[PDB]
Amino acid sequence: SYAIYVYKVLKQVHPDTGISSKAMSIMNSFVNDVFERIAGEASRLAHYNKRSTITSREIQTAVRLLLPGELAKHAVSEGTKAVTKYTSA
Amino acid sequence: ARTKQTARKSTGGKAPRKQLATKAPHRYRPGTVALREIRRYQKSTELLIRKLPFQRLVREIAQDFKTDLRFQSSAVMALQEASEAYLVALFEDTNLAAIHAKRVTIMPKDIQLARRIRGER
Amino acid sequence: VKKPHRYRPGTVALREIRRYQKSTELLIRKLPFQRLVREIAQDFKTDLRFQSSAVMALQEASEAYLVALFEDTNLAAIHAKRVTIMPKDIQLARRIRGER
Amino acid sequence: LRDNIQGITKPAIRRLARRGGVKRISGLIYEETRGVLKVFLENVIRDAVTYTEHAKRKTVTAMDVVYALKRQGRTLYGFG
Amino acid sequence: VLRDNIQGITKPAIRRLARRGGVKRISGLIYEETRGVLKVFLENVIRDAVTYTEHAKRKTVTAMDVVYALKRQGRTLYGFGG
Amino acid sequence: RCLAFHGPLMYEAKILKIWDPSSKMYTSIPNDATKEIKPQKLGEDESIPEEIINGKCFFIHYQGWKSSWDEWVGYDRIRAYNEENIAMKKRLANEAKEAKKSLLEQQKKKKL
DNA sequence: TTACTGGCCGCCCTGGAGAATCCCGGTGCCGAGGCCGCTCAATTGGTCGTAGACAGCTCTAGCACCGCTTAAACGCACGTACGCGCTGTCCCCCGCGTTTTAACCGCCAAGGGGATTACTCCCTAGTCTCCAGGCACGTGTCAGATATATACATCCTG
DNA sequence: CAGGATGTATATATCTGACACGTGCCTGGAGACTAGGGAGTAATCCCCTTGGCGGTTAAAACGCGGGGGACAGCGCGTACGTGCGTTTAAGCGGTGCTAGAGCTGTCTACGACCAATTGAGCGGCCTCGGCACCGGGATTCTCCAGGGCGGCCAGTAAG
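Protein chains in written order, with this note's numbering: chain W, 951 to 1039; chain V, 42 to 162; chain P, 1454 to 1553; chain F, 206 to 285; chain X, 936 to 1017; chain R, 2 to 113.
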């Protein structure tokens, strides 16, 4: 149930727009699929390199394979912010 | 000489015999409405295949894989919204193949090609 | 007068179709290919070194992709009832696949 | 349920292809499309049943059909 | 630095493929067009191929890498490396 | 080089050898490193037409025709290669161009 | 008057003349495979901890049926747009010599980086304890569905 | 061009079933503390890519005819779409019934884990036969010049 999380985003990006109870289903079914593709690719990527543990660098490289073009640029630009912010505190 | 046969041996036809074998102005030119039918559909999302004739189509297929299945009324939908889309993609590809062949009307040649080229044969 | 005994246009190609499908060697010339791959990768990350096989592995796949293309653009060219394939088919046979 | 594929009508296919984008549909399609749709379900169901037959269940639930569709490459969204 | 290599794929090498494919007559525009396709196909495989190579921090693009970049896109390869 | 008047119009040819027929023994550049010319006795299997043989004689290779197909010529057929001698071929070639078209008028008359 | 066979034009399959390809008889060449240590991963014998197999039970959700409205299907009529088959036209690509070129092979090298160990360290899994964010359920305004009734919008069809 | 007819789009108003917020709750996550096992860090070395050298010949580029397919035009006739009228059965809303989905509790069989043991499958060496290669005939494949063959008028035989 990523739906509460999705609503929090939508109410941020659009303070007025609402979301139907089927879209949440699309997104809850969507985020899970992207997460599976990425984390699945991340696992296979560590196996090729004989590494045992999935780490911060594995996911980043796992992204640039899946997301096409401009998305790869901003996603990894977003990801690095989170880790640096988290590691700040 | 070769004589086929008669299938049934009675003059009455068993309709009169009990325990029967057989008784227990203004017009639009062609095409102008077609386009009007497209924009009336490509703008809408409602399901096109009739539902209760689909339900009875899925059940018939399930039998020869397993007997006495019971489908959740959701899992008959999830099939329909899939098999509707599969076809709409197939028809776009065939329309491309026909525009290619320089005619307008899709035909089974176009269907079979749009499947062969996909490799989904 | 003066006839060099030229085969009929069309029967050299079929002949050499029968000669290549039977054979199995590599068609795209090895070295002028390698100088292409080194040139493509030179764009994404400068100063790479390619293992020998890793160049071969590409050419082995790059061929069997094109051959998969022509054997599928031909079906499009047969379709319009003509024989000669044409770029208005490779533009089709790549959009039917959805790979675009 | 002897013949239900004849239940997917002529206007049913005609309506679909109208969404697809065609203009004129030749007569032999209305039969030939049924041949495609049938061989599509025989693949999607035969997978959906196997997931079901494994979990010991006796009901092909939507969470199965979404899975059977996923291996087909035709990922489905909105159900689970 | 390398330049103008795509025209290295010789015009016969386009037909020599196309024969094996099974086409009889080839128009004039196909040759210049096919390079356009093959170049697109490499910038896909090579890239995904490079990314792994960057990942393990190893400079040389391992033959095993290319088998992976292909395996991701959907064209598995048999016999090279494994 | 040489040019060989073949019937109506000539064609492009190349001097395969240079032979003094009075010597009755020909000198040819062999095939391949550069193969130096060798003076060889006229082949008995080799036949010479008189026009080539009265004056200095020479076997030729036509351009465009295969060596197995390639054959002999007379010397009246041979005028030394010259752009003017190429022109007359072309004039005949142009005269040969509508020659097929002039015949086709009878076929045009045959069809109509 | 009617009548219609014969003659000449009409025009094939078939031998040949090449080219391409197969047959087979040698002739080396190198890797398929057989053999030999050996080591390190599979095997065996035992314990421990729990995943799930199994049994029973609470309610959901599905199946069956059914009677009514009505929207969708179906069949018939018709008229005409288009798929298609034919003819004609011409350009452009295949075929085959020539002429230029750069792939290839083999050969040498150099140094670069991928592949070991040693070491040392520090990071996440595992565990225990406490609590508040996410979930489920309730509800309650409310934006969207729905009915109805203008305002142009295109479409023919003169 | 001129103009009616049509269909979709547009406005106003009327309900609702439905999504947004409230509130309680309990279960997963955050705090806190190690432990050793994975990960990084330093030589090193060697083998393996990159790089240059020269012969050489297989192959790419180039040139030209013409032969055949690309394409445009056209005649057409039929398999289409469109519209009407009839007629299905699809959808809606209920009533009823019940397999069976989902969840609990109990506890036994099963798999993780470990030490010691051993032989299977590993790398390395070495070899000789399967096979690539070449050569030249024998054989097949293809292309094409010369060649028997119905369709017509001319003069035929005549009611």
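Positions of the beta carbon are idealized from the N, C-alpha and C atoms, including for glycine.
Would you report the Cα separation of residue i and residue j, rounded to the nearest angstrom?
i	j	result
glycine 1017 of chain X	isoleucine 152 of chain V	38 angstroms
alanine 1517 of chain P	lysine 36 of chain R	46 angstroms
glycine 232 of chain F	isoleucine 218 of chain F	11 angstroms
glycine 957 of chain X	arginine 1007 of chain X	28 angstroms
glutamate 99 of chain R	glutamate 106 of chain R	10 angstroms
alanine 65 of chain V	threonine 44 of chain V	29 angstroms
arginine 162 of chain V	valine 244 of chain F	10 angstroms
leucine 10 of chain R	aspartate 71 of chain R	17 angstroms
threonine 1011 of chain X	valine 1520 of chain P	16 angstroms
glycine 1029 of chain W	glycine 278 of chain F	29 angstroms
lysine 101 of chain R	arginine 2 of chain R	30 angstroms
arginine 49 of chain V	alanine 42 of chain V	21 angstroms
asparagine 95 of chain R	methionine 89 of chain R	10 angstroms
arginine 1502 of chain P	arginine 982 of chain X	14 angstroms
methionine 1509 of chain P	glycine 1014 of chain X	11 angstroms
Smallest Cα separation from residue i: which of the options?
i	options	result
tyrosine 76 of chain R	R/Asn32, R/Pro50, R/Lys15, R/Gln64	R/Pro50
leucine 937 of chain X	P/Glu1524, P/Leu1519, P/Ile1549, P/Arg1488	P/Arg1488
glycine 990 of chain W	W/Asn978, W/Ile976, W/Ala1012	W/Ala1012
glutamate 236 of chain F	F/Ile210, F/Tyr282, F/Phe284	F/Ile210
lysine 92 of chain V	V/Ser114, V/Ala62, V/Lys84, V/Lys107	V/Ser114
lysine 972 of chain W	W/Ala953, W/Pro965, W/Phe985	W/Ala953
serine 970 of chain W	W/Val956, W/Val963, W/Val981, W/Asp983	W/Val956
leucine 1015 of chain W	X/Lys946, X/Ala984, X/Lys994, X/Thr969	X/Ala984
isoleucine 1481 of chain P	X/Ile961, X/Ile965, X/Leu973, X/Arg960	X/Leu973
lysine 18 of chain R	R/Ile87, R/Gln41, R/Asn86	R/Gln41
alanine 1507 of chain P	P/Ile1538, P/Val1490, P/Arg1472	P/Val1490
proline 1457 of chain P	R/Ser68, R/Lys109, R/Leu113	R/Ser68
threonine 146 of chain V	F/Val249, F/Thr214, F/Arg229	F/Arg229
Please compile the residues from chain P whose C-beta is within a distance smaller than 8 angstroms of the C-beta of residue i.
i	result
residue 114 of chain R	Any question about residue 114 of chain R goes unanswered here, given that chain R covers just 2 to 113.
If the cut is a Cβ gap below 7 angstroms, which residues of chain F does residue i touch?
i	result
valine 145 of chain V	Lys228, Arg229
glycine 72 of chain V	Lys228
So with CB distances below 8 angstroms, who are the chain W contacts of residue i?
i	result
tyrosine 272 of chain F	Within 8 angstroms Cβ-Cβ: nothing; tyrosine 272 of chain F doesn't reach chain W, min ~12 angstroms.
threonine 266 of chain F	Ordered by position in chain W, no residue passes the 8 angstroms Cβ test against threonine 266 of chain F, which lies about 15 angstroms from the chain.
Using a 10 Å radius around the Cβ and a threshold of 16 neighbouring Cβ atoms, would you call residue i buried or exposed?
i	result
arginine 223 of chain F	buried
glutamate 1008 of chain W	buried
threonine 266 of chain F	buried
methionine 26 of chain R	exposed
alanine 1004 of chain X	buried
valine 1002 of chain X	buried
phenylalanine 132 of chain V	buried
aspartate 105 of chain V	exposed
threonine 995 of chain X	exposed
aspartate 983 of chain W	exposed
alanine 81 of chain R	exposed
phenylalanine 1486 of chain P	buried
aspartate 1000 of chain X	buried
Is any non-hydrogen atom of the ligand MG found closer than 7 angstroms to the C-beta of residue i, if you look at the structure I gave you?
i	result
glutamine 107 of chain R	This structure lacks the ligand MG, and indeed carries no ligand of any kind.
Please list the partners that residue i has in chain V, where partner means a Cβ-to-Cβ separation under 8 angstroms.
i	result
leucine 1519 of chain P	Ordered by position in chain V, no residue passes the 8 angstroms Cβ test against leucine 1519 of chain P, which lies about 15 angstroms from the chain.
I want to verify the contact list: residues of chain W whose CB lies under 7 angstroms from the CB of residue i, in sequence order.
i	result
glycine 283 of chain F	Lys972, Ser975, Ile976, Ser979
So residue i contacts chain P; which residues on that side make the cut at Cβ distance below 7 angstroms?
i	result
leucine 154 of chain V	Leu1528, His1532
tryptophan 70 of chain R	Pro1457
Can you list the residues of chain V that residue i reaches, using a CB-CB cut of under 9 angstroms?
i	result
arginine 1550 of chain P	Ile158, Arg159, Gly160
Residues of chain X with a CB under 9 angstroms from the CB of residue i: which are they?
i	result
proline 1457 of chain P	None at all; the shortest Cβ gap to chain X is about 22 angstroms.
So which residues of chain F does residue i contact, with C-beta pairs closer than 8 angstroms?
i	result
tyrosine 82 of chain V	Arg220, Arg223, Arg224
Which bits of chain X does residue i rub up against, with CB to CB less than 8 angstroms?
i	result
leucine 995 of chain W	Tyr987, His990
For residue i, go through chain P and note every residue whose CB falls closer than 9 angstroms to its CB, in chain order.
i	result
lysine 67 of chain R	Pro1457, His1458
In chain X, what lies closer than 7 angstroms to residue i by C-beta?
i	result
residue 914 of chain W	The shown model of chain W, from 951 to 1039, leaves out residue 914 of chain W, and the question about it has no answer.
Is there contact between the region 990–1005 of chain X and the region 995–1006 of chain W, where contact requires at least three CB pairs shorter than 8 angstroms?
-> Taking a contact to require three or more Cβ pairs closer than 8 angstroms, the region 990–1005 of chain X and the region 995–1006 of chain W qualify as touching.
Does the region 74–91 of chain R come within contact of the region 40–59 of chain R, defined as at least 3 CB pairs closer than 8 angstroms?
-> A contact exists between the region 74–91 of chain R and the region 40–59 of chain R.
Does the region 1502–1519 of chain P touch the region 1528–1539 of chain P, meaning 3 or more C-beta pairs lie closer than 8 angstroms?
-> In short, these stretches do not touch, since the Cβ pair count stays below three.
Using 8 angstroms as the threshold, is the region 70–78 of chain V in touch with the region 1534–1549 of chain P, meaning 3 or more CB pairs across them?
-> no
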